[PDB]
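Trainee: Chains as they are written, first to last, in the deposited numbering: chain D, 10 to 25; chain E, 10 to 25; chain F, 10 to 25; chain C, 10 to 25; chain B, 10 to 25; chain A, 10 to 25. Even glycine gets a Cβ: it sits at the ideal position worked out from N, Cα and C.
Number of protein chains: 6
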Amino acid sequence: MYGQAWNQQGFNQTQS
Amino acid sequence: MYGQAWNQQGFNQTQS
Amino acid sequence: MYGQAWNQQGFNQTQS
Amino acid sequence: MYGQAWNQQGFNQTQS
Amino acid sequence: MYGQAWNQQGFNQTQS
Amino acid sequence: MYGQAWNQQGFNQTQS
Numbered sequence: 010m011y012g013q014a015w016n017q018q019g020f021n022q023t024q025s
Numbered sequence: 010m011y012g013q014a015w016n017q018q019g020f021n022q023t024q025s
Numbered sequence: 010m011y012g013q014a015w016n017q018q019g020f021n022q023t024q025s
Numbered sequence: 010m011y012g013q014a015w016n017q018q019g020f021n022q023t024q025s
Numbered sequence: 010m011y012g013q014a015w016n017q018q019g020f021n022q023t024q025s
Numbered sequence: 010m011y012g013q014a015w016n017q018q019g020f021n022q023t024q025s
């Protein structure tokens with residue numbers, strides 16, 4: 010590989 | 010591979 | 010491969 | 010309305 | 010409205 | 010509205 014790779018497992022915005 | 014690859018498992022926006 | 014490949018398993022927007 | 014509605018204009022994965 | 014609505018305009022993963 | 014709404018314009022992972 011010659012690049013960049015994230016793995017965003019989250020992003021969450023919970024309520025109640 | 011000569012590129013970039015994420016794997017976003019999340020994105021979630023839960024409520025209640 | 011000479012490119013970029015994600016696998017987005019999520020996207021979800023749940024409610025209740 | 011009693012629900013939830015996104016409008017995802019993107020999704021794009023461009024190359025070159 | 011009684012819910013939740015995003016508008017994701019992006020998502021992009023450009024190269025070169 | 011009785012909820013939560015983001016607008017993620019970004020997400021980008023550029024290269025070169």
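To the nearest angstrom, report how far apart residue 18 of chain C and residue 14 of chain B are at their CA atoms.
Mentor: 13 angstroms
Trainee: Could you give the distance in angstroms between the alpha-carbon of residue 25 of chain D and the alpha-carbon of residue 22 of chain C?
Mentor: 35 angstroms
Trainee: Measuring only between beta-carbons, confirm whether residue 10 of chain F sits less than 8 angstroms from chain I.
Mentor: Absent from the structure: chain I. Protein chains present are D, E, F, C, B and A.
Trainee: Work out the CA separation of residue 11 of chain B and residue 12 of chain A for me, nearest whole Å.
Mentor: 7 angstroms
Trainee: What does the Cβ neighbour count give for residue 20 of chain E, buried or exposed, with the cut at 16 atoms within 10 Å?
Mentor: buried
Trainee: When you compare the CB of residue 19 of chain D with every CB in chain A, is at least one pair closer than 8 angstroms?
Mentor: no
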